[PDB]
Amino acid sequence: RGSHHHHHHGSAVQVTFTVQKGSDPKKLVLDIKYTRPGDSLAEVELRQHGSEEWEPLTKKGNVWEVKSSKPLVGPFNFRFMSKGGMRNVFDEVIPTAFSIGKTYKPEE
């Protein structure tokens, strides 16, 4: 019959980034969806392109916001840490030109 080998695949995490009304040149607001089986997102950091200093995001309600003293340059990098203490890093998840109302997931 239809056997369930989904467990064979092992574990998987689904993360997506969506810009919300309010994005600015020195301030960026994006909604983040993190789904992990038995785990959950605990911390997220955002690093600007051409920059080597990851900046922490503030969890606002159900989204994350980051403010810089200069203009943001894409592609942007975002690192995720699961409450269980797991960490995941996504490079080039959002390009410099982002649109509002469109989702944006991290590429391989």
# chains A, B, ... in the order shown; residues from 1 in each chain; ligands from 1
>>> residues_around(residues="residue 24 (chain A)", least_positions_apart="2", cutoff="12 Å", atoms="only C-alpha atoms", output="count of residues only")
22
>>> residues_around(residues="residue 12 (chain A)", least_positions_apart="4", cutoff="10 Å", atoms="only C-alpha atoms", output="PyMOL selection string")
chain A and resi 35-37
>>> select_by_dssp(residues="chain A", states="helix (DSSP H, G or I)", output="PyMOL selection string")
chain A and resi 6-9
>>> residues_around(residues="residue 84 (chain A)", least_positions_apart="5", cutoff="10 Å", atoms="only C-alpha atoms", output="JSON, numbers by chain")
{"A": [38, 39, 40, 41, 42]}
>>> closest_residue(among="A:1, A:53, A:44, A:6", to="residue 83 (chain A)", atoms="only C-alpha atoms")
A:44
>>> decode(residues="region 33-74 of chain A", atoms="N, CA and C atoms", output="PDB file, in the first residue's frame")
ATOM      1  N   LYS A  33       9.050  33.043   7.649  1.00  0.00           N
ATOM      2  CA  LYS A  33       8.315  31.822   8.067  1.00  0.00           C
ATOM      3  C   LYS A  33       9.335  30.700   8.255  1.00  0.00           C
ATOM      4  N   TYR A  34       9.413  30.159   9.436  1.00  0.00           N
ATOM      5  CA  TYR A  34      10.396  29.075   9.698  1.00  0.00           C
ATOM      6  C   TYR A  34       9.664  27.829  10.196  1.00  0.00           C
ATOM      7  N   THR A  35       9.682  26.772   9.431  1.00  0.00           N
ATOM      8  CA  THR A  35       8.980  25.531   9.864  1.00  0.00           C
ATOM      9  C   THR A  35       9.994  24.399  10.046  1.00  0.00           C
ATOM     10  N   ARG A  36      10.113  23.892  11.242  1.00  0.00           N
ATOM     11  CA  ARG A  36      11.077  22.784  11.494  1.00  0.00           C
ATOM     12  C   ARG A  36      10.399  21.712  12.350  1.00  0.00           C
ATOM     13  N   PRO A  37      10.520  20.441  11.941  1.00  0.00           N
ATOM     14  CA  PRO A  37       9.915  19.315  12.664  1.00  0.00           C
ATOM     15  C   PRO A  37      10.610  19.050  14.003  1.00  0.00           C
ATOM     16  N   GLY A  38       9.980  19.408  15.089  1.00  0.00           N
ATOM     17  CA  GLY A  38      10.601  19.171  16.424  1.00  0.00           C
ATOM     18  C   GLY A  38      11.504  20.349  16.793  1.00  0.00           C
ATOM     19  N   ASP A  39      11.631  21.312  15.922  1.00  0.00           N
ATOM     20  CA  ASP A  39      12.500  22.482  16.230  1.00  0.00           C
ATOM     21  C   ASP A  39      11.782  23.775  15.839  1.00  0.00           C
ATOM     22  N   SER A  40      12.356  24.903  16.159  1.00  0.00           N
ATOM     23  CA  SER A  40      11.708  26.198  15.807  1.00  0.00           C
ATOM     24  C   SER A  40      12.778  27.283  15.676  1.00  0.00           C
ATOM     25  N   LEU A  41      12.459  28.367  15.023  1.00  0.00           N
ATOM     26  CA  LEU A  41      13.459  29.462  14.858  1.00  0.00           C
ATOM     27  C   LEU A  41      13.673  30.167  16.200  1.00  0.00           C
ATOM     28  N   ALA A  42      14.902  30.389  16.577  1.00  0.00           N
ATOM     29  CA  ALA A  42      15.169  31.074  17.873  1.00  0.00           C
ATOM     30  C   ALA A  42      15.824  32.429  17.608  1.00  0.00           C
ATOM     31  N   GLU A  43      16.754  32.478  16.695  1.00  0.00           N
ATOM     32  CA  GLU A  43      17.431  33.773  16.399  1.00  0.00           C
ATOM     33  C   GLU A  43      17.714  33.887  14.901  1.00  0.00           C
ATOM     34  N   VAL A  44      17.749  35.090  14.395  1.00  0.00           N
ATOM     35  CA  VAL A  44      18.020  35.292  12.944  1.00  0.00           C
ATOM     36  C   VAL A  44      18.941  36.501  12.774  1.00  0.00           C
ATOM     37  N   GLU A  45      19.921  36.420  11.915  1.00  0.00           N
ATOM     38  CA  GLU A  45      20.819  37.596  11.733  1.00  0.00           C
ATOM     39  C   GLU A  45      20.873  37.970  10.250  1.00  0.00           C
ATOM     40  N   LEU A  46      21.046  39.231   9.963  1.00  0.00           N
ATOM     41  CA  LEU A  46      21.086  39.677   8.543  1.00  0.00           C
ATOM     42  C   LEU A  46      22.416  40.371   8.245  1.00  0.00           C
ATOM     43  N   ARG A  47      23.082  39.975   7.196  1.00  0.00           N
ATOM     44  CA  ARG A  47      24.375  40.625   6.846  1.00  0.00           C
ATOM     45  C   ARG A  47      24.223  41.337   5.499  1.00  0.00           C
ATOM     46  N   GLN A  48      24.650  42.567   5.418  1.00  0.00           N
ATOM     47  CA  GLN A  48      24.518  43.324   4.140  1.00  0.00           C
ATOM     48  C   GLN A  48      25.533  42.808   3.120  1.00  0.00           C
ATOM     49  N   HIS A  49      25.249  42.980   1.859  1.00  0.00           N
ATOM     50  CA  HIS A  49      26.194  42.509   0.810  1.00  0.00           C
ATOM     51  C   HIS A  49      27.475  43.342   0.870  1.00  0.00           C
ATOM     52  N   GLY A  50      28.592  42.750   0.547  1.00  0.00           N
ATOM     53  CA  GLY A  50      29.876  43.506   0.584  1.00  0.00           C
ATOM     54  C   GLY A  50      30.256  43.808   2.035  1.00  0.00           C
ATOM     55  N   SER A  51      29.474  43.351   2.975  1.00  0.00           N
ATOM     56  CA  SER A  51      29.798  43.615   4.405  1.00  0.00           C
ATOM     57  C   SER A  51      30.153  42.297   5.095  1.00  0.00           C
ATOM     58  N   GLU A  52      30.960  42.350   6.118  1.00  0.00           N
ATOM     59  CA  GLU A  52      31.342  41.101   6.833  1.00  0.00           C
ATOM     60  C   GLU A  52      30.854  41.177   8.280  1.00  0.00           C
ATOM     61  N   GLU A  53      29.930  42.056   8.557  1.00  0.00           N
ATOM     62  CA  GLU A  53      29.410  42.180   9.948  1.00  0.00           C
ATOM     63  C   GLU A  53      27.924  41.815   9.971  1.00  0.00           C
ATOM     64  N   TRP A  54      27.599  40.650  10.457  1.00  0.00           N
ATOM     65  CA  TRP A  54      26.170  40.232  10.509  1.00  0.00           C
ATOM     66  C   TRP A  54      25.409  41.120  11.495  1.00  0.00           C
ATOM     67  N   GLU A  55      24.248  41.581  11.112  1.00  0.00           N
ATOM     68  CA  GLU A  55      23.450  42.451  12.021  1.00  0.00           C
ATOM     69  C   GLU A  55      22.235  41.672  12.530  1.00  0.00           C
ATOM     70  N   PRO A  56      21.970  41.750  13.841  1.00  0.00           N
ATOM     71  CA  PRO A  56      20.838  41.052  14.463  1.00  0.00           C
ATOM     72  C   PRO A  56      19.493  41.667  14.061  1.00  0.00           C
ATOM     73  N   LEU A  57      18.480  40.860  13.905  1.00  0.00           N
ATOM     74  CA  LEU A  57      17.145  41.402  13.524  1.00  0.00           C
ATOM     75  C   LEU A  57      16.245  41.408  14.760  1.00  0.00           C
ATOM     76  N   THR A  58      15.339  42.343  14.860  1.00  0.00           N
ATOM     77  CA  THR A  58      14.449  42.361  16.053  1.00  0.00           C
ATOM     78  C   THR A  58      13.127  41.684  15.696  1.00  0.00           C
ATOM     79  N   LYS A  59      12.726  40.702  16.454  1.00  0.00           N
ATOM     80  CA  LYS A  59      11.448  40.006  16.143  1.00  0.00           C
ATOM     81  C   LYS A  59      10.277  40.939  16.455  1.00  0.00           C
ATOM     82  N   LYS A  60       9.572  41.391  15.455  1.00  0.00           N
ATOM     83  CA  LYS A  60       8.426  42.306  15.715  1.00  0.00           C
ATOM     84  C   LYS A  60       7.114  41.573  15.426  1.00  0.00           C
ATOM     85  N   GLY A  61       6.399  41.190  16.448  1.00  0.00           N
ATOM     86  CA  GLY A  61       5.114  40.469  16.228  1.00  0.00           C
ATOM     87  C   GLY A  61       5.397  39.110  15.584  1.00  0.00           C
ATOM     88  N   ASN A  62       5.297  39.025  14.286  1.00  0.00           N
ATOM     89  CA  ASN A  62       5.565  37.730  13.600  1.00  0.00           C
ATOM     90  C   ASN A  62       6.524  37.961  12.432  1.00  0.00           C
ATOM     91  N   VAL A  63       7.226  39.061  12.439  1.00  0.00           N
ATOM     92  CA  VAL A  63       8.178  39.345  11.329  1.00  0.00           C
ATOM     93  C   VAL A  63       9.522  39.785  11.912  1.00  0.00           C
ATOM     94  N   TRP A  64      10.495  40.026  11.077  1.00  0.00           N
ATOM     95  CA  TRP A  64      11.822  40.471  11.590  1.00  0.00           C
ATOM     96  C   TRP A  64      12.177  41.815  10.949  1.00  0.00           C
ATOM     97  N   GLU A  65      12.793  42.694  11.690  1.00  0.00           N
ATOM     98  CA  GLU A  65      13.153  44.023  11.118  1.00  0.00           C
ATOM     99  C   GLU A  65      14.627  44.325  11.393  1.00  0.00           C
ATOM    100  N   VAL A  66      15.284  44.985  10.479  1.00  0.00           N
ATOM    101  CA  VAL A  66      16.721  45.322  10.684  1.00  0.00           C
ATOM    102  C   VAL A  66      16.967  46.759  10.224  1.00  0.00           C
ATOM    103  N   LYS A  67      17.668  47.533  11.006  1.00  0.00           N
ATOM    104  CA  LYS A  67      17.934  48.943  10.606  1.00  0.00           C
ATOM    105  C   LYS A  67      19.444  49.177  10.527  1.00  0.00           C
ATOM    106  N   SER A  68      19.894  49.797   9.471  1.00  0.00           N
ATOM    107  CA  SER A  68      21.351  50.059   9.316  1.00  0.00           C
ATOM    108  C   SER A  68      21.594  51.568   9.265  1.00  0.00           C
ATOM    109  N   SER A  69      22.813  51.991   9.454  1.00  0.00           N
ATOM    110  CA  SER A  69      23.106  53.451   9.406  1.00  0.00           C
ATOM    111  C   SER A  69      23.389  53.859   7.959  1.00  0.00           C
ATOM    112  N   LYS A  70      23.450  52.904   7.070  1.00  0.00           N
ATOM    113  CA  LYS A  70      23.719  53.226   5.641  1.00  0.00           C
ATOM    114  C   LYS A  70      22.704  52.490   4.761  1.00  0.00           C
ATOM    115  N   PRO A  71      22.778  52.692   3.436  1.00  0.00           N
ATOM    116  CA  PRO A  71      21.862  52.042   2.489  1.00  0.00           C
ATOM    117  C   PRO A  71      22.118  50.535   2.402  1.00  0.00           C
ATOM    118  N   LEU A  72      21.076  49.751   2.333  1.00  0.00           N
ATOM    119  CA  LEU A  72      21.258  48.273   2.254  1.00  0.00           C
ATOM    120  C   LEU A  72      21.715  47.878   0.850  1.00  0.00           C
ATOM    121  N   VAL A  73      22.606  46.929   0.761  1.00  0.00           N
ATOM    122  CA  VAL A  73      23.100  46.486  -0.572  1.00  0.00           C
ATOM    123  C   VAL A  73      22.871  44.979  -0.717  1.00  0.00           C
ATOM    124  N   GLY A  74      22.192  44.570  -1.752  1.00  0.00           N
ATOM    125  CA  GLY A  74      21.937  43.114  -1.948  1.00  0.00           C
ATOM    126  C   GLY A  74      23.022  42.523  -2.850  1.00  0.00           C
TER     127      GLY A  74
END
